[PDB]
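Visitor: Experimental structure and sequence below.
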Number of protein chains: 2
Amino acid sequence: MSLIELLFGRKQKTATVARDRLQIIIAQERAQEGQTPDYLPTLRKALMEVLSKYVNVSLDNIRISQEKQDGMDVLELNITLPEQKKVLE
Amino acid sequence: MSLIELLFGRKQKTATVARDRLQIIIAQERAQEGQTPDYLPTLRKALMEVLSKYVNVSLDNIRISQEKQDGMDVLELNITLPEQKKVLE
């Protein structure tokens, strides 16, 4: 029932990654009704700018994978958050 | 293999919704390494403000459902895009 199971339902992922990751899956569904598309590159843009700012990720670690189909589009975005907190002063 | 199948693998939905919907699933995974959270309410905020602006949705049609678990958090957000393009002039 819980998605957390399907997303990580691949046995035990033991071992410490020592890092952070982000997997944002967008599923936009639009009915024949309505026109003028402009939502896919909209969310991605805000995320690319927000993450680059709010998060410490270089456009070099940004994985993009768009998938369009009829009136259904799905943008798979996976970002790997690096580590560099460094001690205090 | 394709997610589009699992997401809509519920027989044929048929029938025209005459509307648009958005289902953004966020799956943040962080290893014991690192501290000071602040990522879940970060993406949601930018989305709530971006959508309210870039998209025509009232905070009344915003469905929020957070789900935390150990070092894994999943925020399920579903927005229903209304219709009101109206003819031209």
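Guide: Received the coordinates, thanks. Numbers count the residues shown, from 1 in each chain, chains lettered A, B, ... in the order given.
Visitor: From here on, just use CA atoms for contacts and neighbour counts.
Guide: Fine.
Visitor: So which residues on chain A come close to chain B?
Guide: A:4, A:16-34, A:42, A:46, A:50, A:54, A:74, A:83, A:85 (CA under 8 Å from any CA of the partner chain).
Visitor: Could you identify the buried members of the residues you listed?
Guide: Buried members of the residues of chain A next to chain B, scored by 16 or more other CA atoms under 10 Å in any protein chain shown, are A:19-30, A:74.
Visitor: Need the max-distance pair from these.
Guide: The span of these, defined through CA to CA, is set by A:19 and A:30 at 36.2 Å.
Visitor: want to throw the buried ones among the residues of chain A next to chain B into a markdown table with secondary structure?
Guide: Shown next, in a markdown table, are those (DSSP: H, G, I helix; E, B strand; the rest coil):
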| residue | secondary structure |
| --- | --- |
| A:19 | coil |
| A:20 | strand |
| A:21 | strand |
| A:22 | strand |
| A:23 | strand |
| A:24 | strand |
| A:25 | strand |
| A:26 | strand |
| A:27 | strand |
| A:28 | strand |
| A:29 | strand |
| A:30 | strand |
| A:74 | strand |
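Visitor: Which one of these is nearest to residue B:66?
Guide: residue A:24 (14.2 Å).
Visitor: got a list of what the closest residue to the closest one other than its chain neighbours touches?
Guide: Nearest in space to residue A:24, with sequence neighbours left out and distances taken as CA to CA, 6 or more residues apart in numbering or on different chains, is residue B:26 at 4.5 Å. Going by CA atoms under 8 Å, 6 or more residues apart in numbering or on different chains, residue B:26 touches A:22, A:23, A:24, A:25, B:74, B:75, B:76.
Visitor: at 10 Å instead, please
Guide: Residue B:26 sits next to A:22-26, A:77, B:40, B:43-44, B:66, B:73-77 when contact means CA atoms under 10 Å, 6 or more residues apart in numbering or on different chains.
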